[PDB]
Amino acid sequence: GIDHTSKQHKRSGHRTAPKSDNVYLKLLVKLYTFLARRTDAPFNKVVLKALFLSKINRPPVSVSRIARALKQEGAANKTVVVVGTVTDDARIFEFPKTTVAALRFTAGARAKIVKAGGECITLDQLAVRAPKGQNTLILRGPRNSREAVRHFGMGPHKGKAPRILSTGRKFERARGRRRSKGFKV
Amino acid sequence: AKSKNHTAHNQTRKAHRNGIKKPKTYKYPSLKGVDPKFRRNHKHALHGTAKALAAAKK
Amino acid sequence: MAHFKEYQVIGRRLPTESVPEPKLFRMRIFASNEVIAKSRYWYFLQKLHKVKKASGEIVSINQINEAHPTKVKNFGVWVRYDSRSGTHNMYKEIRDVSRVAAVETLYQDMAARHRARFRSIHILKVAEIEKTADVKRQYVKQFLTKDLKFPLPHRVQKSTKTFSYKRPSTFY
Amino acid sequence: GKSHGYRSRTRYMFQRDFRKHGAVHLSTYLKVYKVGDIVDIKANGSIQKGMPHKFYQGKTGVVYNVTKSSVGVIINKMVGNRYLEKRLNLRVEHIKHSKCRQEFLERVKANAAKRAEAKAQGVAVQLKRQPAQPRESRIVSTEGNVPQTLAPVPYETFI
Amino acid sequence: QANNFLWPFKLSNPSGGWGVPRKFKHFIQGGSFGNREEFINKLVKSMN
RNA sequence: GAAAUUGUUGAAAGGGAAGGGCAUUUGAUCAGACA
RNA sequence: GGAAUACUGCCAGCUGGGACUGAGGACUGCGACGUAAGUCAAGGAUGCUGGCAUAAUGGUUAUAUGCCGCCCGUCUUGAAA
RNA sequence: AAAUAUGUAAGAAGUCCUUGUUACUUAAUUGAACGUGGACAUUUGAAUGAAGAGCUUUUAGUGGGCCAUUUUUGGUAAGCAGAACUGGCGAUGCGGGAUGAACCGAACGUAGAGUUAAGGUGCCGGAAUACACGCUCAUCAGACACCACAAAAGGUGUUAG
RNA sequence: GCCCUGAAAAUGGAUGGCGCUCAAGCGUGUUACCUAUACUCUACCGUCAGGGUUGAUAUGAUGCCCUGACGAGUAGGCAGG
RNA sequence: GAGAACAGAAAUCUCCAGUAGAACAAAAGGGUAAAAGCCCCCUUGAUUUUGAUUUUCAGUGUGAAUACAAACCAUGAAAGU
RNA sequence: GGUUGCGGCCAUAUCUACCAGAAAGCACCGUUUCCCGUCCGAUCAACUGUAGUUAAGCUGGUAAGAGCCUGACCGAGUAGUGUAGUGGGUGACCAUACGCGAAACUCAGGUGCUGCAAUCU
Ligand SMILES: [Mg+2]
Ligand SMILES: [Mg+2]
Ligand SMILES: [Mg+2]
Ligand SMILES: [Mg+2]
Ligand SMILES: [Mg+2]
Ligand SMILES: [Mg+2]
Ligand SMILES: [Mg+2]
Ligand SMILES: [Mg+2]
Ligand SMILES: [Mg+2]
Ligand SMILES: [Mg+2]
Ligand SMILES: [Mg+2]
Ligand SMILES: [Mg+2]
Ligand SMILES: [Mg+2]
Ligand SMILES: [Mg+2]
Ligand SMILES: [Mg+2]
Ligand SMILES: [Mg+2]
Ligand SMILES: [Mg+2]
Ligand SMILES: [Mg+2]
Ligand SMILES: [Mg+2]
Ligand SMILES: [Mg+2]
Ligand SMILES: [Mg+2]
Ligand SMILES: [Mg+2]
Ligand SMILES: [Mg+2]
Ligand SMILES: [Mg+2]
Ligand SMILES: [Mg+2]
Ligand SMILES: [Mg+2]
Ligand SMILES: [Mg+2]
Ligand SMILES: [Mg+2]
Ligand SMILES: [Mg+2]
Ligand SMILES: [Mg+2]
Ligand SMILES: [Mg+2]
Ligand SMILES: [Mg+2]
Ligand SMILES: [Mg+2]
Ligand SMILES: [Mg+2]
Ligand SMILES: [Mg+2]
Ligand SMILES: [Mg+2]
Ligand SMILES: [Mg+2]
Ligand SMILES: [Mg+2]
Ligand SMILES: [Mg+2]
Ligand SMILES: [Mg+2]
Ligand SMILES: [Mg+2]
Ligand SMILES: [Mg+2]
Ligand SMILES: [Mg+2]
Ligand SMILES: [Mg+2]
Ligand SMILES: [Mg+2]
Ligand SMILES: [Mg+2]
Ligand SMILES: [Mg+2]
Ligand SMILES: [Mg+2]
Ligand SMILES: [Mg+2]
Ligand SMILES: [Mg+2]
Ligand SMILES: [Mg+2]
Ligand SMILES: [Mg+2]
Ligand SMILES: [Mg+2]
Ligand SMILES: [Mg+2]
Ligand SMILES: [Mg+2]
Ligand SMILES: [Mg+2]
Ligand SMILES: [Mg+2]
Ligand SMILES: [Mg+2]
Ligand SMILES: [Mg+2]
Ligand SMILES: [Mg+2]
Ligand SMILES: [Mg+2]
Ligand SMILES: [Mg+2]
Ligand SMILES: [Mg+2]
Ligand SMILES: [Mg+2]
Ligand SMILES: [Mg+2]
Ligand SMILES: [Mg+2]
């Protein structure tokens, strides 16, 4: 026998193809594992993983978040990749030119980008254009802006938001939520 | 029906499956519980040198 | 403990700044190998001096070979031993042809007559009884008489087959 | 019933050291503490205010606060399978600077030296510590020192 | 580096046998464990 | 027109239960492969 | 005085008997021997000869024989109980 | 005043120089805190290891435990009652202790060859009716840990002191 | 020290049995020998892991090829059937 | 301990010695000598605001406690408390 | 070197008995108008530095002194202890193996070191 020092037959714990079942996504994966295996280029390697990512690890990148990244010093001509969908943001009043490459473009986002004379590339087109990912700027959206993570870590003095359905006063705002009713959290 | 009362038996076995996680360390720890007179001043101190360093890139 | 060799073991008190060249002490040691023999050395040295192996060093280990390995000699043996209920000093005389032989059968004898395992014995001195008539123990004096001759009555030959066709004879 | 008050079981621990009772000598108060300083913790039973609880006796921590008559020390207490951060408001009579780092600091200040003092010569440094190595060959002499030969001793009683 | 590069050696049981009738005592007491100094080579060679 | 359970015929084994595992002798029975 | 021998150790010294295994399926590597051409025991068995072509070998089955084998389900610290 | 246990430290989040910020603080641009600018790289600061490290969410079963060595309380005691640390059994077969939950050995995919462990080798039963030195003769001998008990006290039986 | 007295209980009975007395008993030494699901080497199954390979013009890209380690299991979880 | 009318074992007066052998409400254990004990002087901080922290811990609550911040005061020559 | 004021470590500074102390300084010491405190100008307050004294304080030295401090293969590798065994023993307990290791004892040595400021044959 063997004094094992570590749990046996452990799975690596990382996705390895998408759990998604879409052909096209399956094809883009085909492109990039090829590209990853044969180009020693970091970008293709990161891109391949993001493809496997489930919906929650793929938060939307907005078109305003886009415009801001372009305002980085020396970044205004880069083409931005977003392995996910791109949404529109009425709140910005002046969107730049550039080229965004992403999986989905909402109707309004595509509009706004094209209106400023930008261009909307799919990842496979992005590939042919920059097989080593030259001049690419990768953007991710906010994962912990989900509503779910509000409730993560619920406990005393954690200050983190109840799992509650109806709300307003007389919904969990008395005993243990204020000094005058028993105590506070 | 009396029964067992207390034992620590087996408890450090369990404690060791998933750690005794070391204590976790950070550059810049929280000023939590620090003297308010200090902290008040320190703020203005910082606000200042900030202003000074924007003043270096005018 | 086994089939013994006899060793000179020399050791000394790890040197110091203020005391380099410490005194050097020797033991003869009866043991089966030099590993047991160095162990034994430290075992007795910490019974006599302030040392322990940790703070001391072995200097030399050498096997002492028997002077005249085919001369019958009368050994007197002194021993210290632990019985079940208290400890005890002894003198035996053993007749054999080497000190190493002799210590082999001492150990056997202590074990068999007094049930003393090897841990519980201390050899004090082993020394050749020079002139006879200093031989004390009669189970040895016996063998020193002039023109000694004795028969070996009732011979048992060891059979090699399970069956025999004779009826044996213990003649001799 | 059982008893488990704050200072329970501390009979000897907060006791005072033989022939060392009374006023605390003044150097205890002249000593100075800065944030980041590493202190050792030891309750002075003569000083009831600002006392560490027994568990923190003999513990070393880092100052995180300096107030009028106290320092705030933060210790990692391990409750369960894990450490939590604990913050202690101790009066200065229960704290002393640790020497747990003096050998490190002495080591570094000195490592800067023979590092420059080597470079500015012609490299070849070697300044990691190494464990006790086995000792080397050597030749012990007999001159003035022939081996004394001891045997084991008989059994005797003296009583 | 040199020594960690080697996987641990995987020896068979000794071919001669262990010397000794009971292993889990010290070499010095007729058993097999402990420092047995240069007598290590005889063992390993029977196990290699 | 199953099973429990029964009659008959055939084959076999049985010194205070029977049934089971690994293995092979002996009997019965059988597939495949040769070309 | 000069040897021998035992004991312990070493040899990239030679050599006999016996057992189990023969995964892999063009080539590709590291070598060895040769003046060479070639050869080889060097990244996993081939060569030669015979017997049967069948219940011979094998499967199944029943029985016999050696060793072994408590009744499952459960609740229990603990069940063949 | 031990041993065993036990806190902290062994650097880039480091060491040194220069001299900004503030309402705190000093007699005091004094200090305190946070900095800007500058100097020194893997013998960059002990060992050994690392089938990597870190982090998040959600959920089962469980919440009668029992045992062994050691420490240990109550009890005359218990196959009794109760704690400490570890290792076990429970949840686990396999080899050994004839037998057996917990001892000893050793932890399990299907198999071949080899070697062993603990324990054995007269016959049951695989394996020396082996070698060697003593001892012991029992008109209830003795015969291997845990373990399946014996004591004070005696012997001019015998052995060595 | 071994042996003997001290030494009394209930069905007939247990160094495991037979039996053993210069032992097949007690103490101690030395060898050799027997044999575990363990150790070494090899094949095969599976699990985990790391590499390789979309180039058409034939057959699985969840595939194909190489390599290494690992395999006990109640309550219980998940997976592929 | 040594001394002083009534005065005695014990009244009140003095001096020497005195590491705490006392006292600090209370159980006990810590602690304390120009004090933490005894005598006196002046007092209400046993007050107002809302957080942090330690013990028990789920790192909830409660009890009790600790160090600060913002007030207003007490005392003292003052540092302070 | 002395001494004083303020000290730091807080007996190698303490304790018991005796002796010695130049010079300065400390001291004891004189007084009761004034602030101030008492049963008592003893303490405490003030005034003189004048009238007096090294007696005491203080400092130092002596002592097979008490105590205290330090050291040592002095005791002791003792006691105790972590680890090991199908070790001994009816038990109680005890050897052994790889380690860690005291306390009393005994013997020697020692008896304040020192910071800032002022002063002094
Ligand atoms: Mg929101
Ligand atoms: Mg009940
Ligand atoms: Mg019970
Ligand atoms: Mg319970
Ligand atoms: Mg000789
Ligand atoms: Mg209690
Ligand atoms: Mg005092
Ligand atoms: Mg208080
Ligand atoms: Mg061999
Ligand atoms: Mg063999
Ligand atoms: Mg052989
Ligand atoms: Mg055995
Ligand atoms: Mg081999
Ligand atoms: Mg019909
Ligand atoms: Mg069969
Ligand atoms: Mg083949
Ligand atoms: Mg093949
Ligand atoms: Mg035919
Ligand atoms: Mg056929
Ligand atoms: Mg045929
Ligand atoms: Mg049939
Ligand atoms: Mg059958
Ligand atoms: Mg059976
Ligand atoms: Mg049931
Ligand atoms: Mg029951
Ligand atoms: Mg440690
Ligand atoms: Mg390291
Ligand atoms: Mg390593
Ligand atoms: Mg790794
Ligand atoms: Mg859960
Ligand atoms: Mg749960
Ligand atoms: Mg409960
Ligand atoms: Mg539950
Ligand atoms: Mg156990
Ligand atoms: Mg259960
Ligand atoms: Mg098991
Ligand atoms: Mg069995
Ligand atoms: Mg038995
Ligand atoms: Mg064991
Ligand atoms: Mg039988
Ligand atoms: Mg046999
Ligand atoms: Mg033989
Ligand atoms: Mg026993
Ligand atoms: Mg007796
Ligand atoms: Mg007798
Ligand atoms: Mg018997
Ligand atoms: Mg038998
Ligand atoms: Mg025997
Ligand atoms: Mg197998
Ligand atoms: Mg499994
Ligand atoms: Mg009290
Ligand atoms: Mg005072
Ligand atoms: Mg109140
Ligand atoms: Mg509370
Ligand atoms: Mg309470
Ligand atoms: Mg004068
Ligand atoms: Mg008056
Ligand atoms: Mg006066
Ligand atoms: Mg006055
Ligand atoms: Mg005088
Ligand atoms: Mg004075
Ligand atoms: Mg003295
Ligand atoms: Mg003892
Ligand atoms: Mg011990
Ligand atoms: Mg034992
Ligand atoms: Mg001992």
# chains A, B, ... in the order shown; residues from 1 in each chain; ligands from 1
>>> residues_near_ligand(ligand="ligand 6", cutoff="12 Å", atoms="only C-alpha atoms (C1' of nucleotides) and all ligand atoms", output="count of residues only")
8
>>> residues_around(residues="stretch 34-44 of chain E", least_positions_apart="4", cutoff="12 Å", atoms="only C-alpha atoms (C1' of nucleotides)", output="number ranges by chain")
C: 33-36, 38-39; E: 9-19, 23-30, 48; G: 8-9; K: 84, 97-98
>>> interface_residues(of="chain C", to="chain K", cutoff="8 Å", atoms="only C-alpha atoms (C1' of nucleotides)", output="number ranges by chain")
C: 46-47, 49-52, 84, 119-120
>>> select_by_dssp(residues="stretch 12-114 of chain D", states="strand (DSSP E or B)", output="number ranges by chain")
D: 38-41, 60-66, 70-78, 82-91, 95-97
>>> write_last_selection(atoms="C-alpha atoms", output="short mmCIF file (atom, residue, chain, number, x, y, z; two decimals), in the first residue's frame")
data_model
loop_
_atom_site.label_atom_id
_atom_site.label_comp_id
_atom_site.auth_asym_id
_atom_site.auth_seq_id
_atom_site.Cartn_x
_atom_site.Cartn_y
_atom_site.Cartn_z
CA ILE D 38 6.75 42.91 17.12
CA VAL D 39 5.92 42.44 20.80
CA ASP D 40 5.83 39.51 23.19
CA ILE D 41 2.93 39.34 25.63
CA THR D 60 3.95 37.18 20.11
CA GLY D 61 2.10 39.71 17.94
CA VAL D 62 2.38 42.92 15.90
CA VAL D 63 1.48 46.40 17.14
CA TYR D 64 -1.36 47.94 15.11
CA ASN D 65 -2.15 50.96 17.31
CA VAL D 66 -0.53 53.30 19.75
CA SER D 70 -1.53 51.19 25.62
CA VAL D 71 -0.67 49.51 22.36
CA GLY D 72 -3.03 47.48 20.25
CA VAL D 73 -1.57 44.12 19.39
CA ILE D 74 -2.98 41.77 16.74
CA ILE D 75 -2.55 38.04 17.29
CA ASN D 76 -3.72 35.14 15.05
CA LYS D 77 -5.78 32.83 17.21
CA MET D 78 -6.66 29.57 15.63
CA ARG D 82 -8.50 28.10 10.91
CA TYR D 83 -6.95 31.34 12.24
CA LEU D 84 -8.93 34.49 12.95
CA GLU D 85 -7.53 37.89 13.60
CA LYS D 86 -7.75 39.03 17.20
CA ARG D 87 -6.95 42.57 18.37
CA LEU D 88 -5.61 43.16 21.90
CA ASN D 89 -5.72 46.41 23.82
CA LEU D 90 -2.83 46.00 26.15
CA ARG D 91 -1.31 48.44 28.59
CA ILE D 95 4.17 43.96 26.48
CA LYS D 96 7.82 43.81 25.55
CA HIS D 97 9.72 44.13 22.27
#
>>> closest_residue(among="D:133, D:128, D:111, D:48", to="ligand 27", atoms="only C-alpha atoms and all ligand atoms")
D:128
>>> interface_residues(of="chain J", to="chain D", cutoff="8 Å", atoms="only C-alpha atoms (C1' of nucleotides)", output="PyMOL selection string")
chain J and resi 29-32+53-55+59+66-68
>>> write_last_selection(atoms="C-alpha atoms (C1' of nucleotides)", output="PDB file, in the first residue's frame")
ATOM      1  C1'   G J  29      -6.597  32.594  44.421  1.00  0.00           C
ATOM      2  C1'   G J  30      -3.853  36.444  42.453  1.00  0.00           C
ATOM      3  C1'   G J  31      -2.283  41.316  43.800  1.00  0.00           C
ATOM      4  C1'   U J  32      -0.605  45.753  47.124  1.00  0.00           C
ATOM      5  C1'   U J  53     -12.090  45.211  21.201  1.00  0.00           C
ATOM      6  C1'   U J  54     -11.216  40.605  24.865  1.00  0.00           C
ATOM      7  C1'   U J  55     -13.645  36.224  27.425  1.00  0.00           C
ATOM      8  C1'   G J  59     -16.344  33.674  16.177  1.00  0.00           C
ATOM      9  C1'   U J  66     -10.460  46.514  27.910  1.00  0.00           C
ATOM     10  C1'   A J  67      -8.271  50.681  24.971  1.00  0.00           C
ATOM     11  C1'   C J  68      -9.609  54.961  22.368  1.00  0.00           C
TER      12        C J  68
END
>>> select_by_dssp(residues="stretch 35-125 of chain C", states="alpha helix (DSSP H)", output="ChimeraX atom specification")
/C:35-45,99-113
